[PDB]
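The next block holds one structure in the form of structure tokens; read it before the comments.
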Amino acid sequence: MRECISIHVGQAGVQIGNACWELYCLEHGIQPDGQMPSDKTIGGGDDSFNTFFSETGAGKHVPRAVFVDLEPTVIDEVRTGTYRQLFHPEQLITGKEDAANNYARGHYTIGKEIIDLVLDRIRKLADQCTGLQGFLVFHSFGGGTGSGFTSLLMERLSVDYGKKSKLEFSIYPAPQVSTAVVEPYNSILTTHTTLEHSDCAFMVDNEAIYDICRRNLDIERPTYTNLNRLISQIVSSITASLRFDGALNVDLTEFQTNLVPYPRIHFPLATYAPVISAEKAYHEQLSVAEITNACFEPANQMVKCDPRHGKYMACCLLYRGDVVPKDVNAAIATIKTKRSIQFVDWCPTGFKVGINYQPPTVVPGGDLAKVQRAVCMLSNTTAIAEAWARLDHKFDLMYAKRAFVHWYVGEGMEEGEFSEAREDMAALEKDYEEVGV
Amino acid sequence: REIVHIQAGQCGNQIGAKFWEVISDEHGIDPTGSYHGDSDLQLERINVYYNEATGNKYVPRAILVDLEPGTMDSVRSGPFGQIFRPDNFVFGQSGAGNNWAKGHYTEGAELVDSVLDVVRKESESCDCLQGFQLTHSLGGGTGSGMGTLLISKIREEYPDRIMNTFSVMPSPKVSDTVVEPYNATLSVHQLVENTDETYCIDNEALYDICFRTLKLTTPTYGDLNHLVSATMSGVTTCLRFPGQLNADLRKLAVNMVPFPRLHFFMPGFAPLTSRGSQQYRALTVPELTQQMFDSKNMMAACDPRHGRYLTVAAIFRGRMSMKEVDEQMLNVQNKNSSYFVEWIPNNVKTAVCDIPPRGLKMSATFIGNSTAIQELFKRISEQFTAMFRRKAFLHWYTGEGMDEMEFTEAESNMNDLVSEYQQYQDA
Amino acid sequence: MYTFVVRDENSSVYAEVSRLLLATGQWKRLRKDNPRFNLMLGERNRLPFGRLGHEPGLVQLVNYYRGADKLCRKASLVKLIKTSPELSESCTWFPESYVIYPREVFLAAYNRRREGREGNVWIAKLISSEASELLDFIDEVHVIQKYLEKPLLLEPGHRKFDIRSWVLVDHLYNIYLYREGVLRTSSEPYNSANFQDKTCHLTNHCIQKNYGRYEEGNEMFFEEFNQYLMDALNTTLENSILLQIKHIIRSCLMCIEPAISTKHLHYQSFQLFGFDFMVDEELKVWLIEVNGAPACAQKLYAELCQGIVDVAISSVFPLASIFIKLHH
Amino acid sequence: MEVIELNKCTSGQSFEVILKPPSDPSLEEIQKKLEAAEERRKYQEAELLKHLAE
Ligand SMILES: Nc1nc2c(ncn2[C@@H]2O[C@H](COP(=O)(O)OP(=O)(O)OP(=O)(O)O)[C@@H](O)[C@H]2O)c(=O)[nH]1
Ligand SMILES: Nc1ncnc2c1ncn2[C@@H]1O[C@H](COP(=O)(O)OP(=O)(O)CP(=O)(O)O)[C@@H](O)[C@H]1O
Ligand SMILES: Nc1nc2c(ncn2[C@@H]2O[C@H](COP(=O)(O)OP(=O)(O)O)[C@@H](O)[C@H]2O)c(=O)[nH]1
Ligand SMILES: COc1ccc2c(c1)NC(=O)CN2c1nc(Cl)nc2ccoc12
Ligand SMILES: [Ca+2]
Ligand SMILES: [Mg+2]
Ligand SMILES: [Mg+2]
Ligand SMILES: [Mg+2]
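Quick note, the sequences are listed as chains A, B, F and E, same order. With the deposited numbering applied, the first sequence covers 1 to 437. With the deposited numbering applied, the second sequence covers 2 to 428. With the deposited numbering applied, the third sequence covers 1 to 102, 128 to 150, 161 to 175, 179 to 247, 252 to 362, 373 to 380. With the deposited numbering applied, the fourth sequence covers 6 to 28, 44 to 74.
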């Protein structure tokens, strides 16, 4: 068994971490006080869930997680929340003033004060690991802490843990829920600084999660609580192979091997189905083919884009519930004939399938209904570059007038780092077009 | 995240006392400092503007400054006068005689150090100080001259804090003396350099609203301050209350100010109401949205169609459909997208609070950084030049040690501010 | 009001659509780079489809179908027909075509074409006989195609022609065929002795600059051409030609529907296409090419552009038939 | 469709399906750029206090 440490940065990272660890505990049968009655190896063990949970002598199961926010009010809700006993106080880190939606304030000014403290608390968790494989980082592109302080943390983790993999769960900015106007700035700046330090990054456009909640959950004005419960389901499907027995994606290295042929192009598109409302009185349960066919509708993707006008480099299907291989191959046969699925010429056209018999766990009182089978498709398609195009366009409109740049330069940043980061994004967009067109 | 409030001069203390009356009622505090409210949203961010004293009392983090005891005595005898910490009353005796030079260089210089002592005493007790907000007029002597002297010295001692101001612009429609364009031009020069956010509250707009809209034939300073305290309550809503937008003074400046000198906002409010007269039909969300963007509801006498909106911030207060708010706010942007700059994507952010102001069930407050605000400064630069081209009334200032050159420099810097706003109206 | 933007000033068709839209009093035009639009009359090259359908509170629609260039480029059209089972290699209405890069598969047909001693005239885009002459022209990407040596010749004149049909595909993927076509004729009599002189072969309006002899602008419309078929050949345009045209148009568009349909996308698409047909000596229709940004005829601009607003734009944005619907 | 590497257990199973074959900066450099930005902050604050001193 090899351990994974999760790190949650900023509001979006911490609140999504609350959603995931709430879900993990329900899936593994762990109670808010940390007690796991099904665990018969008291005070230790190397089961698959021990990848994410440590064990104390009293029987508590402590997440291998650290929460960090430059401002306390979000993590303060964790310290006094339903799962307050789950975490040790030393793995919840807060400052006093946040980055004020300013990347340079979170990376340089305020980030420098607290970076050495976080790395020590991270070192505390790592010393309890007989074999650390790497980290899972949860953060937002638009936040000053989520963008600024994460990029600084990712730089330092490559130094102190040069042999460890690092995976990102990132929140692509969407104006329907965004709080800042400078989020395109923070997004480009943090992606450039972090691009070489991340081995696999799962982007989640809030616009896509917003419309899915409106369309498939019958919520007129979805809140962060709605979004984060749906996001945690996707994140749970992605990490389920690390926490459960299986043979597909059993370590963080296997995520890069199965999904990322080119180091720079490491942004797999995630598609999830079915999303069914709990308020729906009558529901006809969907079959394997129906939910596999839903993985190729853009309306079910974590990022809105058109994979028909791109090329695949890899494709995983992660089933949860009543699924057997025979029904999967029958479904893939039909879909290949009716849809545009083009792979790059230097890659085999195929799917890596993983099935978990335990159906998706839904939190009680949540918006999601209980289904009999679900699937999360992870596909490295070049069509996800459309999100970089949108993001770089908004960056170009503001930076042409140097609007808001004075806020970043006033924090010690240099105007050249803007165009330096934008040049890297221009190269990233060009790599996608080479591979996909 | 505490905010230190300062009110300087007659106008500064009169709108400042009214501001504390309005928000104390919104947070459920009585004139004696005792909280007798019903909801706990009133106390969750109460420390932003209030200090907690002995016996569960709430003392406003406010400092009252004047060179006369006249107005500040009226505040202490006022309805909420006893809520203010008595040591925060700092006043002289000679006054400033509507003279920027007396407030900034001579009379105010004697008193500015004792004010900063009270400022320092309030800042040291702060867990984490966001910054300061000042209420003052630009046409008088104390709030205009000494106010900008305080801002300059506060920025020297707290260079990494936000300086926010509520600045009342003089108008010949509501005029005390003829030297008001002199004092305003000298003060705007200081505001362009030493503040992060300034709310331009034009007395001309407040008069036109009282006259043209509220149907008041002869408005008073009490009628004008009603609109001010309602606007001041609305713009500070997201700082005093919790919601999806939990904001501080710095985030507001970061998102509203794309260029450091262009930080003068047009406040707006809907529905426009007069004192002692309550209308009984609550406005629909389409009506709140329509009126808050109407020029007739702007607190700065500028035609927003003569410029373009750089950034816009909006607050809706009351029980309403947040979906209907999103649709109407997007409806304004999509039907009038020529008046929003295209080089700042998604420059309109909306926030909702459930607590409505007193006497209203639904309200909408508007904060606009429009290039049309140059019309305000153009108006003052014309009234300035009309007198300065003949050096009229300048002896009141040269008698206090000022040179004609300082007036020329202030006149020039304001004209530069106007042409700078014009730069982004054409782009 | 509805809002739209214009990113192609060189478009004669949508220039008239701008005037028609503005004349309703319910459509306001914005600047090129304004993102808060309902409709985009976009550019022909590098249209930013990725930025469409991401503006909250705005239903966005564009006058082009992303991916439709597979059908509107001569190189892509040949590859699509040869590889798609829906059309297949044995497609009876597409002439033999081979993509040549400036070969071995083409030389076999030409070698058997010499072996059969039948017509071995091939066009590449320019017309040549034998074989190797055409290749040197390509080197000094092109497609070679079998030149139809026995075309239907109008009388009087002994003239060659091509048929242009304007097809509109709306956001629901309804296929609409404009009832009014046009015959772009050759004013020079057809000479099969030499192809170096190509004023009688290339039926393009620009090649013709004998021009204007038989009908105005070398344009014969359906009213007069249908009467000619009755008088000369004892048939109608509907039976002898128009059935095959409606079959070809339907076959091509239904083939690429799964790849270009915007049925469940975050934005919507329509597009006007220009199908060019070649009728041979036995009243058989052949598809020459499909055009993605076609111009109209002056007589038909007012009626066609009015129909584009009615069927493609007003169907999504309603205000306060000249088309034949090809069913599928 | 070739189904390969089929692995089964109690929790579930996994396999692969094929349809067609093919056709860092050091800690020293981080500390330097973090202090280069603080130097630029100190310089801008010094120019402010010098201006306010005049
Ligand atoms: N899905 C999701 N998105 C969030 C959440 N919280 C914030 N966001 C998004 O993240 C962006 C802002 O980032 P934040 O996490 O709030 O900012 P931060 O990391 O705390 O950084 P600072 O506040 O500037 O110190 C906006 O686009 C929000 O829409 C959340 O809980 N869930
Ligand atoms: N296989 C073929 N057999 C006989 N004639 C042909 C032919 N291909 C093309 N032609 C003739 O050559 C003319 C021009 O060919 P083509 O249509 O490929 O060029 P083009 O793309 O410039 C016209 P447009 O773009 O307007 O459709 C046609 O109008 C037709 O008269
Ligand atoms: N809106 C408003 N404006 C005022 C008030 N009192 C004075 N003013 C304006 O402020 C200017 C005079 O400033 P004042 O505060 O009296 O000067 P100071 O006391 O010496 O600082 C004039 O232009 C007045 O129109 C008030 O109570 N409300
Ligand atoms: C142009 O885009 C903007 C504009 C303004 C803000 C933000 C983004 N985001 C913030 O966090 C602060 N902020 C705000 N502050 C405050 Cl006191 N009231 C409001 C009301 C709406 O917005 C507010
Ligand atoms: Ca155990
Ligand atoms: Mg935050
Ligand atoms: Mg006075
Ligand atoms: Mg052509």
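Heads up, the beta-carbon is just placed ideally off N, CA and C, and yes, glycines get one too.
Verify the contact flag: residue i, CB atom, against every heavy atom of ligand 1, threshold strictly below 7 Å.
i                 : result
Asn347 of chain B : no
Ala248 of chain B : no
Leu227 of chain A : yes
Report back the beta-carbon spacing between residue i and residue j to the nearest angstrom; my notes put them in contact at under 8 Å.
i                 : j                 : result
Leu221 of chain F : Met262 of chain F : 4 Å
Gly132 of chain B : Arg86 of chain B  : That pair is no contact at about 20 Å.
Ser311 of chain F : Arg66 of chain F  : 7 Å
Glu207 of chain A : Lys304 of chain A : 6 Å
How would you label residue i, buried or exposed, when you count the other beta carbons within 10 angstroms and need 16 or more for buried?
i                 : result
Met302 of chain A : buried
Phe81 of chain B  : buried
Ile42 of chain A  : exposed
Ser88 of chain F  : exposed
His71 of chain E  : exposed
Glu187 of chain F : exposed
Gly402 of chain B : exposed
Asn242 of chain F : exposed
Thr304 of chain F : buried
Ligand 2 and residue i: does the residue's C-beta get closer than 7 Å to at least one heavy atom of that ligand?
i                 : result
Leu240 of chain F : yes
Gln183 of chain F : yes
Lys164 of chain A : no
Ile330 of chain F : yes
At a threshold of 7 Å, does residue i count as lining ligand 5 (C-beta to nearest heavy atom)?
i                      : result
residue 438 of chain A : This structure gives no information on residue 438 of chain A, because the portion of chain A shown stretches from 1 to 437.
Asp39 of chain A       : yes
Within 8 Å of any Cβ in chain A, is that where the Cβ of residue i sits?
i                 : result
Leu72 of chain E  : no
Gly334 of chain F : no
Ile345 of chain B : yes
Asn89 of chain B  : no
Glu67 of chain E  : no
With a cut-off of 8 Å, does the C-beta of residue i fall near any C-beta of chain F?
i                 : result
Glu325 of chain B : no
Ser338 of chain B : yes
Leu289 of chain B : no
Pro348 of chain A : no
Please report whether the beta-carbon of residue i lies at a distance below 8 Å from any beta-carbon of chain E.
i                 : result
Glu157 of chain B : yes
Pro360 of chain A : no
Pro325 of chain A : yes
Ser153 of chain B : yes
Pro160 of chain B : yes
Consider the C-beta atom of residue i and the heavy atoms of ligand 4; say whether any pair is separated by less than 7 Å.
i                 : result
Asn256 of chain B : yes
Can we count residue i as close to ligand 8, meaning its CB is less than 7 Å from some heavy atom?
i                : result
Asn10 of chain F : no
Taking CB distances under 8 Å as the criterion, tell me whether residue i reaches chain B.
i                : result
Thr83 of chain F : no
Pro56 of chain F : yes
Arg36 of chain F : yes
Say yes only if the C-beta of residue i is nearer than 7 Å to one or more non-hydrogen atoms of ligand 3, and no if none qualify.
i               : result
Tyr2 of chain F : no
Problem set entry | Around ligand 7, Cβ to any heavy atom closer than 6 Å, ordered along the chain | B:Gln11, B:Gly141 and B:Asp177
Problem set entry | Residues with C-beta closer than 5 Å to any heavy atom of ligand 6, in chain order | A:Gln11 and A:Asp98
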